[PDB]
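Participant: Could you have a look at this structure, given as structure tokens, before my questions?
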Amino acid sequence: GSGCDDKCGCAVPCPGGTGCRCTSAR
Ligand SMILES: [Zn+2]
Ligand SMILES: [Zn+2]
């Protein structure tokens, strides 16, 4: 959880949908 940082391949805040590499969608 705990939102995200760029270290995780996500902007701050996380994009949400828009290319977010944190969920089963590949
Ligand atoms: Zn992330
Ligand atoms: Zn993310």
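Starting from 1 in every chain, residues are counted up; chains themselves are A, B, ... following the order of the structure tokens, and ligands are numbered from 1 as listed.
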Go through the chains and note each residue within 9 Å of ligand 1, using only C-alpha atoms and all ligand atoms, then give the set as a compact mmCIF listing (two decimals) with N, CA, C and O atoms, in the first residue's frame.
Facilitator:
# COMPACT_ATOMS: atom_id res chain seq x y z
N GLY A 1 0.84 -1.21 0.00
CA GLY A 1 0.00 0.00 0.00
C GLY A 1 0.87 1.24 0.00
O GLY A 1 1.69 1.38 -0.90
N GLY A 3 0.72 4.56 -0.84
CA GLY A 3 0.76 5.28 -2.11
C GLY A 3 1.81 4.73 -3.07
O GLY A 3 1.58 3.68 -3.68
N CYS A 4 2.93 5.45 -3.25
CA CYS A 4 4.07 5.11 -4.10
C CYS A 4 5.01 6.28 -4.34
O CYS A 4 4.60 7.44 -4.21
N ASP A 5 6.20 5.93 -4.84
CA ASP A 5 7.29 6.81 -5.21
C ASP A 5 7.79 6.34 -6.57
O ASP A 5 7.49 5.21 -6.99
N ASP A 6 8.62 7.17 -7.23
CA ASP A 6 9.22 6.89 -8.54
C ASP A 6 10.06 5.61 -8.50
O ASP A 6 10.17 4.93 -9.53
N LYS A 7 10.58 5.23 -7.32
CA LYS A 7 11.39 4.03 -7.13
C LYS A 7 10.60 2.81 -7.60
O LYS A 7 11.18 1.82 -8.04
N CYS A 8 9.26 2.87 -7.53
CA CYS A 8 8.35 1.82 -7.91
C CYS A 8 7.82 1.96 -9.35
O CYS A 8 6.89 1.23 -9.70
N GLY A 9 8.31 2.88 -10.18
CA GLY A 9 7.83 3.01 -11.54
C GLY A 9 6.42 3.53 -11.49
O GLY A 9 5.46 2.90 -11.95
N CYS A 10 6.26 4.59 -10.71
CA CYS A 10 5.00 5.28 -10.53
C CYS A 10 5.28 6.71 -10.13
O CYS A 10 6.09 6.91 -9.23
N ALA A 11 4.57 7.67 -10.72
CA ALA A 11 4.74 9.05 -10.33
C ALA A 11 4.24 9.20 -8.88
O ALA A 11 3.72 8.25 -8.28
N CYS A 14 0.65 8.16 -7.70
CA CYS A 14 0.65 7.11 -8.72
C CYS A 14 -0.27 7.53 -9.88
O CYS A 14 -1.34 8.08 -9.59
N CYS A 20 0.16 2.20 -14.85
CA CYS A 20 0.67 1.86 -13.53
C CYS A 20 1.14 0.41 -13.42
O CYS A 20 0.33 -0.52 -13.34
N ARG A 21 2.44 0.19 -13.23
CA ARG A 21 2.98 -1.17 -13.11
C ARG A 21 2.95 -1.73 -11.68
O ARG A 21 3.99 -2.08 -11.11
N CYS A 22 1.80 -1.66 -11.02
CA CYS A 22 1.57 -2.18 -9.65
C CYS A 22 0.40 -3.18 -9.63
O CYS A 22 0.00 -3.60 -8.55
N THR A 23 -0.19 -3.56 -10.77
CA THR A 23 -1.35 -4.44 -10.76
C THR A 23 -1.31 -5.42 -11.93
O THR A 23 -0.58 -5.19 -12.91
